[PDB]
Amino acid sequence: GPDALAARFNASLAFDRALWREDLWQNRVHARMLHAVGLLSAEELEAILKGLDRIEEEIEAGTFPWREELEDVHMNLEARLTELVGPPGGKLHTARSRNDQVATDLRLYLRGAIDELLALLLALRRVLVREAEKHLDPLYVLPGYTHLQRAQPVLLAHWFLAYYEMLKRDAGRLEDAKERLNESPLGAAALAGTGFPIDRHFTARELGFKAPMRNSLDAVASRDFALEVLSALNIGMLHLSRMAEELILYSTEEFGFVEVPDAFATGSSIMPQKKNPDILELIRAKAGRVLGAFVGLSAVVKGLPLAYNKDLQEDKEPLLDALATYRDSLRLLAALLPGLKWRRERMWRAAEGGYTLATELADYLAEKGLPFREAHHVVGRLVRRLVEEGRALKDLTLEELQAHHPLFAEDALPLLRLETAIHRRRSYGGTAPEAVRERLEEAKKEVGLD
């Protein structure tokens, strides 16, 4: 250190280079505007634009002189342009400040990041719907949980479609975030506009923005959009952490419901049936670094006076990490889910326990007028005796069920064996194979699979 420590400490080039494309795009657009407005001569724009192509080629070919000494990506492209085309380069940044320049780059970068994220979610929602179908044919059933205690029986199909609704809501948050941040700060200069004959509506259009921001001060100081995106990303990983958790569980000897693909696991030589879900674990675990990011940036913008402040530079690092995290997580789950091997039978024996369907017998009485609570006790004694006699609920006979309580009839019988009892919960959103299938149709039409 210490002048070096200072330099290093202040520099953002180590991470802001990730936005070089957004800075290039803005450059072309902004340079073209300076021309249209009279601030730049055709000869000049021509050079700047010619020079900007060489820069991009140099970057894509790993020959661009990235210099930390130049502090950020902004001055880096600028310095380079001026080395490539003499004087013209030194006019590209006319009527502009880093302030409005940074916020434009960041927003520009997120819109793309989000569009790529929305793409990644469609793919995931597709594998989901696809997996739901693949396990609806030979009907797959397993236990639904509560307090991690088995409750009523559920279909893998209904289960996959559970994450379908979840991931669908995520896509809508990233969407609404995207739309809302799609304003342009370019043209706000340092904090108050300029006297320069600038044209912000032009720069807004050409750059994909719905319109230019209406307040130069907020244009330069706002980062609430970064926060909105980080939250979307937070909630998303939380949904993914839920699924990793369950797949990690059902992947245990204790459950034995599913085998994770070798590609996303590690085993053991000296050991037979052992396989560790490292990738599912890291996805589950990575939800924290994304939460960590949201907390970090919120603390940053708290009580932060108005307009640009260097504190604001602390905004990029968290996002790039959060995005990469959520990006790569969505990609893996879509490459892993269809490679899953579900052990049907072990799931079925688990779903239809010894007396789990008794819940159904209770509802049956209730529907006929027997106070549902009153019915819960009569039905309880029934099973209680079955245990005493060491018999399952599948063995009950109609006569035997009739002695228990008059309300029972021939129709109650099909409710003793999972095979037919599942068709019961056919309300909108139930697990019943009819309700689930009906829903698998929408999902299909929705993600365009059919």
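The numbering used is simple: start at 1 and walk along the sequence shown.
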Open item on the list: Which is higher on mean Cα B factor in this entry, 344-352 or 72-80?
Closed with: 344-352
Task: Of 262-270 and 124-132, the one with larger mean CA B-factor - done: 262-270
TODO: Between 196, 225, 372, 308, let me know which has the highest C-alpha B-factor in the entry?
DONE: 372
- [ ] Can you pull the Cα B-factors for 217, 117, 358, 240 from the entry and say which is highest?
- [x] 358
Open item on the list: Quick check for you: using the entry's CA B-factors within this chain, is residue 442 in the lowest, middle or highest third?
Closed with: highest
Task: Among modelled residues of the same chain, the CA temperature factor third for residue 38 - done: lowest
Open item on the list: Among the modelled residues of this chain, does the Cα B factor of residue 11 put it in the lowest, middle or highest third?
Closed with: lowest
TODO: Could you look up the Cα B-factor of residue 178 in the entry and say which third of the chain it sits in: lowest, middle or highest?
DONE: middle
Task: Cα B factor band for residue 246 (lowest, middle or highest third within the chain) - done: middle
